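Spelled out, the chains give:
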Amino acid sequence: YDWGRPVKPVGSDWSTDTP
Amino acid sequence: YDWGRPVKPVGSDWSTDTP
Amino acid sequence: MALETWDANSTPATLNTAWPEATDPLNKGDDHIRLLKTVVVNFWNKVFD
Amino acid sequence: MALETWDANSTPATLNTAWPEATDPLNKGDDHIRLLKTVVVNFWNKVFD
Amino acid sequence: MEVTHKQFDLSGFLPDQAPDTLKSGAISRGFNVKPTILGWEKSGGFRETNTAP
Amino acid sequence: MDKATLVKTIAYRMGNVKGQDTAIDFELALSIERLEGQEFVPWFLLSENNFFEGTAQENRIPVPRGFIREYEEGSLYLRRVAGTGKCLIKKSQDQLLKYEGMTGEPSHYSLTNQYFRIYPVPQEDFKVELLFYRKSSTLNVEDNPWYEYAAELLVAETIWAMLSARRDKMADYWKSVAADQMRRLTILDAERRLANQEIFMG
Amino acid sequence: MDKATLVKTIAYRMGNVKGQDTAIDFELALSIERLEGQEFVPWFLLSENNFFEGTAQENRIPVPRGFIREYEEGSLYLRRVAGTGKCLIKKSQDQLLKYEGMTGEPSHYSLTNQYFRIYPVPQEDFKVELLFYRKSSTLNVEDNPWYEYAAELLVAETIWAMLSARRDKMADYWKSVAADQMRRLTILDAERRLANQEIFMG
Amino acid sequence: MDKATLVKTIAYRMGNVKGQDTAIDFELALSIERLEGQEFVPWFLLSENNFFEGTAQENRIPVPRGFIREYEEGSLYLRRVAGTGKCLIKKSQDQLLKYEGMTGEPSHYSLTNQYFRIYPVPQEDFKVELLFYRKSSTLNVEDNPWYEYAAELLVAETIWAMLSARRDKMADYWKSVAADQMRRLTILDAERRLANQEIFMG
Amino acid sequence: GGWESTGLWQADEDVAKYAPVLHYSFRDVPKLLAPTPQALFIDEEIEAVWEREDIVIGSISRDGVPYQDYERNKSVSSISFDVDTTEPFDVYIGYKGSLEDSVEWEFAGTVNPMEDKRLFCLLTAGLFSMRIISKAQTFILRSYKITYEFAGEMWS
Amino acid sequence: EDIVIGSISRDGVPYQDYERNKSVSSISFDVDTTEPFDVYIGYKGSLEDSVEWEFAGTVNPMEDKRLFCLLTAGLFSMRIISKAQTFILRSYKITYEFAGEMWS
């Protein structure tokens, strides 16, 4: 019956260490 | 990138013990 | 007899000399000319390049 | 028209494949055949003796 | 498993025998085809002549 | 991979079959349905935090919709209004009959078929959270997880079903291939779980 | 080797096949896709240092794009503004519920499917770094690493696929060849890694 | 032996084949490429002393061009300007994070994929030396070492590839021959390494 | 006419000037007609039908010749054609439970030999029959084979 | 055209196989002439297709009587062209292997 779900983590991107 | 190599040993010949 | 099975890169290998037979249809005439054109162009491109 | 402009000095470069076409008139069949003959002769001449 | 039935055995139209048993290269119905040593090929068409009464 | 590439590969590796395209989709859905029914549950079927609100005087909490099993490294947590919580403890039902009538916040639970039971029967509305495994059709994600991570297992399973109908022998070869793929997937899951973890006795 | 030499060799060793050239490319891409899905991860799929910035009050950090696994001799490191850092410690989620509400810098973590969780919930923006394995298509390198280092494995695998569709029995032979190549590749990885390393008890 | 004698012998022992001469060269180059990819590295692939100069503030030193593995009875040595030096010590990366910011000459290192890391980050230009194994195409010698010392292994490998394409059965015979040749080569390397060496405990 | 018009390279009379040619009076046609290798009638097309009933599917004799089996059901997977024509054709598959029944037809599909020469269909029945319909200038059929499996026993 | 390459009957006679691709390794000639000749090899995917020709090479019987070429196709044909005083051909054999199935 009453099960609800959590909204997703908004920040989403990792970056990089350049060569 | 920067790898360099060493120059070869100049003296090059062994001799012999005669019969 | 109708036509050598062919495509843009057929070359002189796919030519049957006997294929345009005497009783064969006129409607196949256009195709035979074109097979010959493609073949000539590719041969020239191969050996002049 | 669907017949390439041509002159007695035409190279193999002039022909466009697809030119003799299903809709094209049969009266141009000889002309198309003759183009092929001029094109072939010039290369055997340029490349061979 | 596989079963291979080969034409050009010159049996032809056999509509009187039992279909279940007629051999490969034999058919029970059909038209406008005739049996040769090449297989089961298709017959040609018709042109017109100048004669007209 | 995606559905189109999956269908193309299944058709190609089955003998360059071209006539059938709908049966491939049917047995591709049935393959996922069959795989979800087996004992092994991959990591990508784990759900997110889900909360349930319940009325006072009902100890029975229905099971979540696609429940396959719960997640071991997880728990059912009671979230109190202030934001604090406690982790409820699982015991068998026989073991939890002493509690009938003792009064307070919920502290233990039992799973009996379709229902979770909170035996320290709450006298006021509550709220619990749980992490558990789910059937894919019921996850909230964008694309079936299976397509991305388990594509080669699926191909084999589908090919097996199709061939098995034709009664071909080749089917047992593709079942062995699928078994090997699942065996490798289990080891991959174990390796992913245990990475960067240090264990101390006591 | 490169893509052109790979295609030429695959065509040559499959029986001097000449008609097919596009299917070879298709099953060469699919071969890499299949190999990336298995349990064994070579050394050339290790990424570089990647940093993530996150807002206050969210403990969930999404997984990096091509994540396959976490580098064992690696760690998740918090980089404080001054340039100093601490290494965060992995535990299971059940084990990290005591911390809800205790306050401070992040100190521990859990991986639950698609999310890294920092349970000592930060009250200010943070920054973490990680080394992990990635799918190649997502690497920031010039050419597919696989082409350079594991070329033979690739050829055999491709041949199996193509042959299996034509139903030759030669396939099993090429699968055995690929298995031997992967077995040899596993040993090198260890040797490369364990070279010039001395181990002391305690 | 040399390339011409190798091609002649390969043609002779394959059945006195005469038409093919270019495929033999192609599969002779591919044979060396395949052998270099396996776990066993012979002694003739060891390079000479190579030195690297690096700028201050970069701890990452790229891997040498044909690096297969390093040489165990060797080390990375820091040569100071005066001509003196110290041997740097290898540890895993996790183990070398204490050092971030401690200051001085470099003392330890880690190999993470394509890079060597000097964790006691130098504040001035440095210079290091290393002995390692290399792919042949990148050695400085006159002729491929393989031709001189491993000629009979190569013949067999080439014959195997060629026959395998024809789908001949004889191929498995030549693979067994090549395996025996490599087995003998390993023992020869071990015997060469250990000659005139005395071992004392402690 | 354009290249799309009818004819043969040899004007017809010239062909076989050595022998006669059948002339046909056709009732609704104004002029008399003659046979031609070309298959277009006046201009309109001619259809052909090739049908065999109760193909021999069963065991094979040690001599290498197949013989019919009337006691077990069979399951058909594919049909492979060896033809010389290049133009496309239709193939129908018929199935009957047993001898007393009548044939029931299913449309298998269209076969274009240059693209492919195989056809895939899954059916189980007591007996099988096949029909080929073509409207094309050339159609030569050399052989064909069937892949099948045994599927129990025949009841009615 | 379309040489018989396939299985062999228990009586020792070969028969054609139209359902699998084949791969050709070598052709060996038994001739009585001594002067050299040219050999062409043709290959077609299946019956509906046309033959396409490849130049195999030149055969000088005194030096050798074998010819090596690697090809895979549905069906094979061979052509021999000679300009010499004498040319007698007694037999020939082909070495081949099966290479899957024929599609188009």
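Here the numbering of residues is sequential along each chain, from 1 in written sequence order, and it may depart from the entry's numbering. Residues without coordinates do not appear. Whichever chain is written first is A, and whichever ligand is written first is 1; the rest continue in order. What you see is one piece of a larger assembly, and the values refer to that piece, not the whole. Side-chain metrics in this entry use all non-hydrogen atoms of the structure; hydrogen atoms and water are not considered. Residues with missing side-chain atoms are left out of burial classes, side-chain pairs and their counts.

Listed as the method for this PDB entry is cryo-EM; the listed resolution is 3.6 Å.

This next bit is on the packing of aromatic side chains. Working definition: a ring pair exists when centres of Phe, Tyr or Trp rings (six-membered ring for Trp) sit within 6.5 Å. Plane angles under 30 degrees give stacked, over 60 give edge-to-face, the rest tilted. This model, assessed by the stated rule, comprises 53 aromatic pairs over all chains. An angle of 20° between the planes, with centres 5.6 Å apart, marks the rings of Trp44 of chain C and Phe48 of chain C as stacked. Taken together, the ring pairs in this structure connect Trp3 of chain A together with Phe52, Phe67, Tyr109, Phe116 and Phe132 of chain F into an aromatic cluster. In this scheme, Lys NZ or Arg CZ marks a charge over a ring once it lies within 6 Å of the ring centre and within 35 degrees of the ring normal. For the cation-ring pair, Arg60 of chain G lies above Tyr115 of chain G, with the distance from its terminal atom to the ring centre recorded as 5.5 Å. A cation sits over an aromatic face here: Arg20 of chain J above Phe98 of chain J, 4.4 Å from the ring centre.

Moving on: the nonpolar core. Most often, soluble globular proteins keep nonpolar side chains buried together rather than apart. Among the buried residues, those of types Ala, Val, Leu, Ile, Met, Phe, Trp, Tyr and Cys that are joined through side-chain atoms within 4.5 Å form a nonpolar core. The rule is simple: take the accessible area with a 1.4 Å probe, protein chains only, and divide by the maximum for that residue type; under 20% is buried, over 50% is exposed, in between is partly exposed. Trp146, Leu154, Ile159 and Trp174 of chain F are the most contacted members of the largest nonpolar core, which has 42 residues in total. Runs of E in the DSSP output that reach at least two residues are strands. Runs of H or I that reach at least four are helices, and both are numbered from the N terminus. Of all the secondary structure elements, the ones that give two or more residues to this core are α1 (3-13), α2 (22-36), α3 (145-149), α4 (151-166) and α5 (171-194) of chain F together with α4 (151-166) of chain G. No other element matches α4 of chain F, which puts eight residues into this core. By the convention used here, residues are in contact when the closest approach between their heavy atoms is within 4.5 Å. Apart from residues no more than four positions distant in its own chain, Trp174 of chain F is found in contact with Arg13, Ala156, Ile159, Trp160 and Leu163 of chain F together with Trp160 of chain G.

Once that is clear, we can look at the arrangement of the chains. Here 19 pairs of chains make contact, and the pair sharing the most contacts is chains E and I. In this assembly chain A lies apart from chain E, the nearest approach of their C-alpha atoms being 55 Å.

It is worth spelling out the interface of chain E and chain I at this point. Interface size, as often reported, equals the accessible area lost upon joining of the parts. Between chain E and chain I, the residue contacts involve 37 residues of the former and 49 residues of the latter. Reported buried area values correspond to the accessible surface (1.4 Å probe) lost by two parts on association, with both partners' losses combined. Summed over both sides, the interface between chain E and chain I buries roughly 3,900 Å², with carbon and sulfur atoms accounting for 57% of that surface. When the area that chain E buries against chain I is broken down by residue, the three leading residues are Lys42, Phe46 and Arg47 of chain E, summing to 22%. Only one rule defines a salt bridge in this text: a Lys or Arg side-chain nitrogen within 4 Å of an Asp or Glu carboxyl oxygen. Seen at the junction of chain E and chain I, the total is two salt bridges. In this structure, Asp12 of chain I engages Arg47 of chain E in a salt bridge whose closest nitrogen and oxygen atoms are separated by 3.0 Å. Residues adjacent in sequence count toward polar contacts only when both atoms are side-chain atoms; beyond that, a polar contact is any pair of N or O atoms within 3.5 Å, and within protein one must be able to donate a hydrogen and the other to accept it. Inspection of the region where chain E meets chain I yields 25 residue pairs in polar contact. Every element with two or more residues in the side of chain E that touches chain I is listed here: β1 (2-6), β3 (26-27), β4 (29-31), β6 (40-42) and β7 (45-48) of chain E. In terms of residues, the side of chain E that touches chain I owes the most to one element, β1 of chain E, which gives five residues. Each residue is assigned to one class: nonpolar for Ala, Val, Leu, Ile, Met, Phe, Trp, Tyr, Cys and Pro, charged for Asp, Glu, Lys and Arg, and polar for all the others, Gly among them. Taken together, the residues of the side of chain E that touches chain I sort by class into 14 nonpolar, 14 polar and nine charged.

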